[PDB]
Amino acid sequence: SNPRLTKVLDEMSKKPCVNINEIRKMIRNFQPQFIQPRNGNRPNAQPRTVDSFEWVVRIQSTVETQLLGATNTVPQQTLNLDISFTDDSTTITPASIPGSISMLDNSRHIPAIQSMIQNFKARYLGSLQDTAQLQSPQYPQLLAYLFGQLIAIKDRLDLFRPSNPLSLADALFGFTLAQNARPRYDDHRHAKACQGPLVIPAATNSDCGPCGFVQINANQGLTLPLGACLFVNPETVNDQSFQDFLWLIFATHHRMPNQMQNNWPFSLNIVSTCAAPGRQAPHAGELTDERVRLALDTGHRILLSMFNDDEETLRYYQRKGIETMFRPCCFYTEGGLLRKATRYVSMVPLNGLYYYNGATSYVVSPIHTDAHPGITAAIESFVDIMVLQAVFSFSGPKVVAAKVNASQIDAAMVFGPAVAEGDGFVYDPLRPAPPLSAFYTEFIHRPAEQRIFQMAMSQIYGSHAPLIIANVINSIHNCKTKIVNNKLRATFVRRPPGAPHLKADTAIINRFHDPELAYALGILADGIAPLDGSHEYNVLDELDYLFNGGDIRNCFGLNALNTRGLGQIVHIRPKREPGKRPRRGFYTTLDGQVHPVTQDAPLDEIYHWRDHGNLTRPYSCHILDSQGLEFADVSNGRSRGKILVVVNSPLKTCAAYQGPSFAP
Amino acid sequence: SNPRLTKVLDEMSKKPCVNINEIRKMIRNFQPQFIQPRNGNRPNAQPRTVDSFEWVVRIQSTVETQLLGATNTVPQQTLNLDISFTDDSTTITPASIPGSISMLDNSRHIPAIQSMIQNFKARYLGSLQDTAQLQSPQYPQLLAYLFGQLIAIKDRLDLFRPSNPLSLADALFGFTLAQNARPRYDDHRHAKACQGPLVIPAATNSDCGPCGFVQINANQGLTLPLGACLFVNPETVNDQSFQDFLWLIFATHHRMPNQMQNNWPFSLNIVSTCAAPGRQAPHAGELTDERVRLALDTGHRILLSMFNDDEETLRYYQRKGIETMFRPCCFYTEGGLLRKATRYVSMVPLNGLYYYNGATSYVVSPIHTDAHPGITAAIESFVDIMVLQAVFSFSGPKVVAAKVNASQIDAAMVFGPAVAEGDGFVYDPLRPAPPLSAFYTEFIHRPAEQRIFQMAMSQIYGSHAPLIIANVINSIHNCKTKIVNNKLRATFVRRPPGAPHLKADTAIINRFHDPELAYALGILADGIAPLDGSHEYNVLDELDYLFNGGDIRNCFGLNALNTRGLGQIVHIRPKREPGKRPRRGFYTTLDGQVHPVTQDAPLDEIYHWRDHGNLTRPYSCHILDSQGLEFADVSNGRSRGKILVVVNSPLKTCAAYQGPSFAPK
Amino acid sequence: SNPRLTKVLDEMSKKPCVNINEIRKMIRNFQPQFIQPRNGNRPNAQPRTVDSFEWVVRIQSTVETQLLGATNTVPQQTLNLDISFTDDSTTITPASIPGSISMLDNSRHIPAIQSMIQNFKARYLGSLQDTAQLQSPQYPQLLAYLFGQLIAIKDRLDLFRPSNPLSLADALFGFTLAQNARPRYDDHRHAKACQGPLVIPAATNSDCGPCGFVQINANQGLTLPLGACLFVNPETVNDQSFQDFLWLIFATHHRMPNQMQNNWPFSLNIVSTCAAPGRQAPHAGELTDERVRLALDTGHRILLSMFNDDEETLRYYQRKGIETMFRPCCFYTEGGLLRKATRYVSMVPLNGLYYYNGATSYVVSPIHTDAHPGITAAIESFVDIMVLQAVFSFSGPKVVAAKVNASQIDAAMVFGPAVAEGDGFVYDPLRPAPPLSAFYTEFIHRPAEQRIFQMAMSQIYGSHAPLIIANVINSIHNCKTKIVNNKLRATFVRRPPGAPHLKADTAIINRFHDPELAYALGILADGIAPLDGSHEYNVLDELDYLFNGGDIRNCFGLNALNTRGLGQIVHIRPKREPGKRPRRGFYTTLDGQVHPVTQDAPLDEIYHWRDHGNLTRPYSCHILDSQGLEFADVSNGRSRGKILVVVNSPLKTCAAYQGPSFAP
């Protein structure tokens, strides 16, 4: 029955959204150019240890406009797309909704191991089907997350050359570290890595490395352990690469903080027909780069085999393991609201039965072979948040304010027609800041946003979308972040103490980054026009639409002339239309400051705003409402000019501007 | 609803423009007659290294007018075309628009590559059998651009034969160089080329000339690297010429400016099924003329196979690459800028999967073997700049003038007849000059200077039209060039950074070279009418057409007699209105002054314009306005005779005077 | 819609082409008569080593005509069908199109070996089906190619008795050869055989000869090697013939050039229940002819067993192995264009599982028992090239010329109506000669030629045609030969340095040999009449048809009288038909030499051409065009005589002249 939603769904159906594969393909070979700290500049020589948690790899992107039929030269602006580079956070949470985490079927694994046991004349108890079903289900999720974390550590330590590196393994096993010193790759305030050299478990009778080992003997009882069992052919257990991979995972799991080493035990047990090779813990430098590369390759082979040869869920989990190191930064004052609310992945302890006799599918382009896995992982997350922003900002800007007299009056007290009546919330500042979860949970579950978010995600991903939708719904439904009134200043990574209060104390909780990036990527874009090419503005009507609550970002003429004209091109005067009592026209800004307009004056003397060229804050919600105003031009018919805009971003993809929208 | 537009479209339909094949046929095979520095005379013997960035081959072409009735004979003029031939310039930009650059389709590279990677690949990495992960982007552009640059080097060395020669390979690599000295060629103030001797990269395990190498065998591993992969049979990889071609391409890629080198890395790397042939790294005198030529041939075959055997876009990118070192030189003192804003080709770092087994086609005459490709590329560019000229001028001269204390809100003042309302801007001089992309873009979007461009380019090039069109539009959008108060003096390559000054402080921004060449080549030409044969001229009316906002060039009845005795032929008097009021008349020149005329007087001392002969500035706007004039005759007849003009130029194409145009009848 | 093609298809359907079996049957017992060198004559005593790479076994065939009602005696001509005899080339290339190489199904092999392993209580890992599918597919192609090469070596060394032979094995194992000397059977410039005595691999623990050996033990682990596994019953591993055959193949594989010994490794592993017999490398003369014959027989038995008992694909590959020694020579000046472009066979490395407990099908007439396998192999190739020529010359002679002013003018510049407009190509001589592949690739893929070539091949071969069609399309699509302007002189085998330029510099790229052979064999013949029996010529109309571009080879009267009349039987005069201005009739030869005919003269004084009796070059393209000419006879009605022609070739088959054609 809703017309607007039907129109949007029809348009989305007619113009399909860009498949994820293009976005993956267009980043596999991207060479970063800037590794400066977010705030300052790179010092002469790199430090010896990753300490300043402010570094960022900057994907520069430039936009400059021109006023056709004029001699004005607007300075070029800069779409600063920042990727956090040294900062640790957690993306694991044991809390799932029904579709959040699935159970990979053990259809092709049980028969093979059954036949193996029968062939080697091992006396087992009970048909393996029911014992598999009840004793040990099949959740290999964890072992991919650790792999992603390892790749992320490698990438981080690679980009930031710490002036005398050792190896992937020498900075990971903590050789020559004081009992209180932190690992080289992660040494700064509020890190998330256990400190000191990691300690190998004691050498027991039978060991295939850092995990237990059980061999199957002809005419001999066989009993499985309690964790996960990975049957392998004897040709592999004696391989160097396999054991090196196993050791690397073990090391990565004993470095994550102490308290998650007792909730997600890294339990595994290799089973085969060899003689227990025993653990051979590498001690001195003996894991050269080529050996580590082989280890990673064999490891990915085993992982892909465990996932029923899916390579899509595996890629998703491997990525979700990486954001723990690489995150996409915000581009607004009150940021860290969307990313902080969509990061968690529901998980279950690792257990079940596996079988690997030989690889079957040859993944051409795995994650770990990309030019820089961190960037590739971060960009996919950026896409997720972009779509989420698109769905959220479907019916307004969703403001939240801190008015002291909050109880005395209800909502819609201050926000005129601009903020859709129903999306403005307030809270008195006497109490602590509310929980963002409260607002977002109510936002997501409305039918209008649900029925569109589902379609968008399905178009982007496909058969594998439902996992992502369920997981994001869970995460947003489970977030502890508060809407703190402070500001971020957009020149840091973590909120600095003593920062000033927000603008008008009104946080806006849709924005995460400019929609021009979404347009370029070819993904769903919110109701903002794409500043792409030639435009034909008309300052009068354009300006009039602004004072009805519209976003200034949709007004090209004003932004172009913000300080080069508009003091000699347009005037503002009260409306004298009827014969009734004359009234002083007034307009209300965001903070409820009713502004009167008595004597007609040049526009620049009535309203002001900073000139960011043509990249202004999208949803700034400048003018809530205005009544009784007229706009007359005082230039001899040169207020309807044309402008040109060029956006040569380096992350443009095939579907340049073919993505859907709301206001084409 | 535009009579002019429909008339021009119908005309262009009537007389189709000459497709480029005639231009190529004409220009392909003549050697230059004489090459000299633009300003001065060539020395006795050429120096060691090309070091003055003015040498330009020129192409003489003259006009002689002839008629009886004048006092003395008219001296002839020399309309000659020049080619820069030494100076360097960038041509590659990262910006893009929809049609600016397209990705080819790997519909005939995937079958073979998959069937060759499925068999010869250790039987423990699993069977691939998906033919869907092999979908990397196909952008084999930069290879052609580098190929073009290499051809340009060869041609530039050949034309300006230096005193002590060196093998093209030796000059390119530059073994016997200094620490940071310029290459043997391209050694002057504006030169932009990585100095120093070229450095071979490294001594790795898997080498196959300059680029990386990966093999696919049982006792090995396979991992396709990230850049481009050129899958070839073991037969050719062990060949000789192919290795030399790879070395040559690498060599020319490392002479680009260091920053641009970093932007677009040479990421080629080959994969095959045989042992890696170690890099050879030729030095001292390994490569020689014939071996280089053979390598060029095989390289062209490779590139053609990479392009899906298109050969029309291949030639396009090759031309654009060779254009960084050859280009037409402007002819008007204005400063020659129309070219500077049309020279950019969008690009993206090379990538994709390529398979090469055979030829699949044979092209009778590829660009790289046509007797100095530089000249043919330059003229192939000129034949497009002229079309752009024709389309812009479709309305009027489109002047841009300078006035002090101009309103910094709008810059559109009406100048009078002969200058339509849209054009004719103005700008304060004492502030930095405008950007000159704030006018062209506004020009080429209107649906009158767009459809004409569309159909003209369509007729010139045919199916492969859009690409050129799209690309040129992009060039206009982002061009940093600016209008300047200086002159080229007609004997320079760049403005002498001194104090040349404009005669009228204005600039006409839509003229690049005389339309006579456009007529001769058969391409579209506008406005100015052609002058090659007998003509009936009526001074008494042609002059009238002049003072109401014309240009002298159309008025070949005046230039003939400009100072041959036009004086005692026609008088100008204010007006003889037999009724209301005897007011006086005046005219306004391109400057502001409005000096008036009161009584009958000979014309020679009321206007008194400079006499070049029968080749005057076509868009100079000699007079803007005039009201109240009569132009009485002062001799029975003697103002209704005949005139014959002969112009012979060496580039007369096949269909020379059978092209479309819309000049006044 | 095309009428000519429909007519040809209808005629082909109505008159089936000759089955290949007749051609095979009519050569099994052919005794060659001439073994002279191509150019000169046999020396008194044969040399001691095969050095002159010019020898050829000549299949003489004679044709002589007679002029009924005349006293003239035309000398008999000679259809010199030459078979190259000592020259090495390569017919292997790792490049395949989709249908080029198939994968023989292992349907009847896996179950037998499965049952064997189960019976002998060997502990194997994993069901053998999937391991066969992924670990090792079933491509036995190579092992047949080596067999063909071995047979070819035997035949070559047999025909050319080198004055003191040793044995098949003594000239193959290189006993008593200097470390730089070449093998006796192949010692000449640009050979293709590795030199010096071949070296046996070191004697390891278990060996069944020159290849690894693995025995299956009760209650003992069994792991397969990486190459091909050939399970055999124990009764055979201890046989002498089997091991001798294995040794012979090993020797033949280590003699092919060095660089193809690292791309096609001869990997094999015998598996059985015997005790490893160990390698017993024959060292001194100990392989007598009867022992070698038994070896060859048992070897063919094993091969046929490996090929799922097909004997057709096996025969094809065995033949394709032989052309590496025996090839069919050209019969024109600019030859070595068709054969050089249709020789390659797409291949994959040898691997998979096999099983041979006992032969099942008794091939009555294998290749190696023919009178001379080389000749039989060469003739089948000759048939392939003959059909290919037939399809190519379906719409003209396909000329290629070297005109200096090639760029200035387009094609069809010189070739009048004779050369079908669309089949003439030119290239300036400044650049090197073009690649023949470019022209042939475009020729083959036209629908008109494809739809006829497919039918012809299917009729000739049958169910096994698609392999041959796909393989020839691949080969022609992959050829490195250039159209070199030089000439061959038809009295050599390899182009001699310093040979003179071609006639008019115009190579014709359809001809490989006279079509009379194709007619005799009963295979598809191009648009040339078969000179078989009584003919009723009419010199006037016949001559007129010539000057419209037709082929002189279709004009019997002219050829018969080329030098015995035509100076007193027919005159040429300009046509004075209308009242318009008289014009000098002219005709244009191949090289664009416009020839004027002003005053009527005897024919022999206006045009000339060499007299080859009645065997003239078929597609010589004598007269491109002529306009304004008349032909009047000056003999009292004896210009319409009859002629008789007799063609008693020794390779006539059952379908003497029943094959299809174009101009019956």
# chains A, B, ... in the order shown; residues from 1 in each chain; ligands from 1
>>> interface_residues(of="chain A", to="chain B", cutoff="9 Å", atoms="only C-alpha atoms", output="PyMOL selection string")
chain A and resi 25-26+28-29+66-73+301+358-365+369-371+533-534+564-565+568-569+635-636+638-639+642-650+656
>>> residues_around(residues="residue 336 of chain A", least_positions_apart="6", cutoff="8 Å", atoms="only C-alpha atoms", output="ChimeraX atom specification")
/A:329-330,512
>>> interface_residues(of="chain C", to="chain A", cutoff="12 Å", atoms="only C-alpha atoms", output="ChimeraX atom specification")
/C:117-118,121-128,130-136,219-225
>>> write_last_selection(atoms="N, CA, C and O atoms", output="CSV table (one decimal), in the first residue's frame")
chain,number,residue,atom,x,y,z
C,117,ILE,N,42.6,-55.9,-5.4
C,117,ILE,CA,43.1,-55.4,-4.1
C,117,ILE,C,42.3,-56.1,-3.0
C,117,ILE,O,42.9,-56.5,-2.0
C,118,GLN,N,41.0,-56.2,-3.1
C,118,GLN,CA,40.2,-56.8,-2.1
C,118,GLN,C,40.6,-58.3,-1.9
C,118,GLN,O,40.7,-58.8,-0.7
C,121,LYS,N,44.0,-58.8,0.0
C,121,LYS,CA,44.0,-58.3,1.4
C,121,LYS,C,45.0,-57.2,1.5
C,121,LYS,O,45.8,-57.2,2.5
C,122,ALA,N,45.0,-56.2,0.6
C,122,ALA,CA,45.9,-55.1,0.7
C,122,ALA,C,45.1,-53.9,1.3
C,122,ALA,O,44.0,-53.7,0.9
C,123,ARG,N,45.7,-53.2,2.2
C,123,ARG,CA,45.1,-52.1,2.9
C,123,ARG,C,45.3,-50.8,2.1
C,123,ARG,O,46.3,-50.2,2.2
C,124,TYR,N,44.3,-50.4,1.4
C,124,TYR,CA,44.3,-49.2,0.6
C,124,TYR,C,43.5,-48.1,1.3
C,124,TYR,O,42.6,-48.5,2.2
C,125,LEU,N,43.7,-46.9,1.0
C,125,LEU,CA,43.0,-45.8,1.6
C,125,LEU,C,42.1,-45.1,0.6
C,125,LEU,O,42.5,-44.7,-0.5
C,126,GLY,N,40.8,-45.0,0.9
C,126,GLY,CA,39.8,-44.3,0.1
C,126,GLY,C,39.3,-45.1,-1.1
C,126,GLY,O,40.1,-45.8,-1.7
C,127,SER,N,38.0,-45.0,-1.3
C,127,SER,CA,37.5,-45.7,-2.5
C,127,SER,C,38.2,-45.3,-3.8
C,127,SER,O,38.4,-44.1,-4.0
C,128,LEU,N,38.5,-46.3,-4.6
C,128,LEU,CA,39.4,-46.0,-5.7
C,128,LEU,C,38.7,-45.1,-6.8
C,128,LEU,O,39.4,-44.6,-7.6
C,130,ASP,N,36.8,-42.1,-6.6
C,130,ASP,CA,37.1,-40.7,-6.6
C,130,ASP,C,38.6,-40.4,-6.7
C,130,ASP,O,39.0,-39.4,-7.3
C,131,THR,N,39.5,-41.2,-6.1
C,131,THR,CA,40.9,-41.1,-6.2
C,131,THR,C,41.3,-41.2,-7.7
C,131,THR,O,42.2,-40.4,-8.1
C,132,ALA,N,40.7,-42.1,-8.4
C,132,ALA,CA,41.0,-42.2,-9.8
C,132,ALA,C,40.6,-40.9,-10.5
C,132,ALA,O,41.3,-40.3,-11.4
C,133,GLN,N,39.4,-40.4,-10.2
C,133,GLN,CA,38.8,-39.3,-10.9
C,133,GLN,C,39.7,-38.0,-10.7
C,133,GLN,O,39.9,-37.3,-11.7
C,134,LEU,N,40.2,-37.8,-9.5
C,134,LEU,CA,40.9,-36.5,-9.2
C,134,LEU,C,42.4,-36.7,-9.3
C,134,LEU,O,43.1,-35.9,-9.9
C,135,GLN,N,42.9,-37.7,-8.6
C,135,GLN,CA,44.3,-37.8,-8.5
C,135,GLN,C,45.0,-38.2,-9.9
C,135,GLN,O,46.1,-37.7,-10.1
C,136,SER,N,44.4,-39.0,-10.7
C,136,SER,CA,45.0,-39.5,-11.9
C,136,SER,C,43.9,-39.8,-12.9
C,136,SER,O,43.2,-40.8,-12.9
C,219,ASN,N,47.9,-57.7,4.1
C,219,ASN,CA,47.9,-57.1,5.4
C,219,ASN,C,49.1,-56.1,5.4
C,219,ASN,O,49.9,-56.1,6.4
C,220,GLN,N,49.2,-55.3,4.4
C,220,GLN,CA,50.3,-54.3,4.3
C,220,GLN,C,49.9,-53.1,3.5
C,220,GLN,O,49.1,-53.2,2.5
C,221,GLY,N,50.3,-51.9,4.0
C,221,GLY,CA,49.9,-50.7,3.3
C,221,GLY,C,50.3,-50.7,1.9
C,221,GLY,O,51.4,-51.2,1.5
C,222,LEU,N,49.5,-50.1,1.0
C,222,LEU,CA,49.7,-49.9,-0.4
C,222,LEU,C,49.5,-48.5,-0.8
C,222,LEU,O,48.4,-48.0,-0.5
C,223,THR,N,50.4,-47.8,-1.4
C,223,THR,CA,50.3,-46.5,-1.9
C,223,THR,C,50.7,-46.4,-3.3
C,223,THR,O,51.8,-46.8,-3.6
C,224,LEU,N,49.9,-45.8,-4.2
C,224,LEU,CA,50.2,-45.8,-5.6
C,224,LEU,C,51.3,-44.7,-5.9
C,224,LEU,O,51.3,-43.6,-5.2
C,225,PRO,N,52.0,-44.8,-7.0
C,225,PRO,CA,52.9,-43.8,-7.4
C,225,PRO,C,52.2,-42.7,-8.1
C,225,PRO,O,51.0,-42.6,-8.1
>>> closest_residue(among="C:431, C:38, C:291, C:253", to="residue 241 of chain C", atoms="only C-alpha atoms")
C:291
>>> residues_around(residues="residue 314 of chain A", least_positions_apart="3", cutoff="12 Å", atoms="only C-alpha atoms", output="NGL selection string")
:A and (104 or 140-148 or 300-311 or 317-321 or 363 or 366-367 or 464)
>>> residues_around(residues="residue 374 of chain A", least_positions_apart="2", cutoff="7 Å", atoms="only C-alpha atoms", output="MDAnalysis selection string")
chainID A and resid 152 155 322 326 372 376:378
>>> residues_around(residues="residue 391 of chain A", least_positions_apart="3", cutoff="8 Å", atoms="only C-alpha atoms", output="PDB file with N, CA, C and O atoms, in the first residue's frame")
ATOM      1  N   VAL A 387      25.717  -0.132   2.506  1.00  0.00           N
ATOM      2  CA  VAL A 387      24.341  -0.551   2.264  1.00  0.00           C
ATOM      3  C   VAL A 387      23.489  -0.301   3.499  1.00  0.00           C
ATOM      4  O   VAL A 387      22.339   0.151   3.403  1.00  0.00           O
ATOM      5  N   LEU A 388      24.037  -0.587   4.679  1.00  0.00           N
ATOM      6  CA  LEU A 388      23.276  -0.358   5.899  1.00  0.00           C
ATOM      7  C   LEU A 388      22.912   1.111   6.050  1.00  0.00           C
ATOM      8  O   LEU A 388      21.789   1.446   6.437  1.00  0.00           O
ATOM      9  N   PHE A 394      16.493   6.156   4.699  1.00  0.00           N
ATOM     10  CA  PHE A 394      15.441   6.031   3.705  1.00  0.00           C
ATOM     11  C   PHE A 394      14.259   6.945   3.980  1.00  0.00           C
ATOM     12  O   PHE A 394      13.485   7.225   3.059  1.00  0.00           O
ATOM     13  N   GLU A 449      12.014  -0.925   6.074  1.00  0.00           N
ATOM     14  CA  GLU A 449      13.455  -1.086   5.951  1.00  0.00           C
ATOM     15  C   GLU A 449      13.854  -2.542   5.785  1.00  0.00           C
ATOM     16  O   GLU A 449      14.823  -2.839   5.084  1.00  0.00           O
ATOM     17  N   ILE A 452      13.499  -3.993   2.157  1.00  0.00           N
ATOM     18  CA  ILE A 452      14.456  -3.432   1.214  1.00  0.00           C
ATOM     19  C   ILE A 452      15.877  -3.882   1.527  1.00  0.00           C
ATOM     20  O   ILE A 452      16.652  -4.173   0.615  1.00  0.00           O
ATOM     21  N   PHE A 453      16.237  -3.938   2.809  1.00  0.00           N
ATOM     22  CA  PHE A 453      17.561  -4.416   3.183  1.00  0.00           C
ATOM     23  C   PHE A 453      17.757  -5.851   2.730  1.00  0.00           C
ATOM     24  O   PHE A 453      18.831  -6.214   2.230  1.00  0.00           O
ATOM     25  N   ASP A 526      21.721   6.217  -1.023  1.00  0.00           N
ATOM     26  CA  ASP A 526      20.614   6.878  -0.348  1.00  0.00           C
ATOM     27  C   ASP A 526      20.112   8.037  -1.208  1.00  0.00           C
ATOM     28  O   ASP A 526      20.571   8.255  -2.331  1.00  0.00           O
TER      29      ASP A 526
END
>>> residues_around(residues="residue 467 of chain A", least_positions_apart="6", cutoff="8 Å", atoms="only C-alpha atoms", output="PyMOL selection string")
chain A and resi 99-101
>>> write_last_selection(atoms="C-alpha atoms", output="PDB file, in the first residue's frame")
ATOM      1  CA  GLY A  99      19.749 -18.032  11.257  1.00  0.00           C
ATOM      2  CA  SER A 100      22.974 -16.527  12.552  1.00  0.00           C
ATOM      3  CA  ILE A 101      25.232 -19.604  12.555  1.00  0.00           C
TER       4      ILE A 101
END
>>> residues_around(residues="residue 150 of chain A", least_positions_apart="3", cutoff="8 Å", atoms="only C-alpha atoms", output="list in words")
residues 146, 147, 153, 154, 248, 249 and 252 of chain A
>>> decode(residues="segment 464-475 of chain C", atoms="N, CA, C and O atoms", output="CSV table (one decimal), in the first residue's frame")
chain,number,residue,atom,x,y,z
C,464,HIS,N,34.5,-42.3,-35.7
C,464,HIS,CA,35.8,-41.8,-35.2
C,464,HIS,C,36.2,-40.5,-35.9
C,464,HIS,O,37.3,-40.0,-35.6
C,465,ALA,N,35.4,-40.0,-36.8
C,465,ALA,CA,35.8,-38.8,-37.6
C,465,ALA,C,36.0,-37.6,-36.6
C,465,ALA,O,37.0,-36.9,-36.8
C,466,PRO,N,35.1,-37.3,-35.7
C,466,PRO,CA,35.2,-36.0,-34.9
C,466,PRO,C,36.5,-35.8,-34.3
C,466,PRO,O,37.0,-34.6,-34.3
C,467,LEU,N,37.2,-36.8,-33.8
C,467,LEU,CA,38.6,-36.6,-33.3
C,467,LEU,C,39.5,-36.1,-34.4
C,467,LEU,O,40.2,-35.1,-34.2
C,468,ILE,N,39.4,-36.7,-35.6
C,468,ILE,CA,40.3,-36.2,-36.7
C,468,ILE,C,39.9,-34.8,-37.1
C,468,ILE,O,40.8,-34.0,-37.3
C,469,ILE,N,38.7,-34.5,-37.3
C,469,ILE,CA,38.3,-33.1,-37.7
C,469,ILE,C,38.8,-32.1,-36.6
C,469,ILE,O,39.4,-31.1,-37.0
C,470,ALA,N,38.6,-32.4,-35.3
C,470,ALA,CA,39.0,-31.5,-34.3
C,470,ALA,C,40.5,-31.3,-34.3
C,470,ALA,O,41.0,-30.2,-34.2
C,471,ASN,N,41.2,-32.4,-34.5
C,471,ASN,CA,42.7,-32.4,-34.4
C,471,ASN,C,43.2,-31.6,-35.6
C,471,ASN,O,44.2,-30.8,-35.5
C,472,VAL,N,42.7,-31.8,-36.8
C,472,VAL,CA,43.2,-31.1,-38.0
C,472,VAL,C,42.9,-29.6,-37.8
C,472,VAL,O,43.7,-28.7,-38.2
C,473,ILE,N,41.7,-29.3,-37.3
C,473,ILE,CA,41.3,-27.9,-37.1
C,473,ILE,C,42.3,-27.2,-36.2
C,473,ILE,O,42.8,-26.1,-36.4
C,474,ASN,N,42.6,-27.9,-35.1
C,474,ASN,CA,43.6,-27.4,-34.2
C,474,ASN,C,44.9,-27.2,-34.8
C,474,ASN,O,45.5,-26.1,-34.8
C,475,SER,N,45.4,-28.2,-35.5
C,475,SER,CA,46.8,-28.1,-36.2
C,475,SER,C,46.8,-26.9,-37.1
C,475,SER,O,47.7,-26.1,-37.0
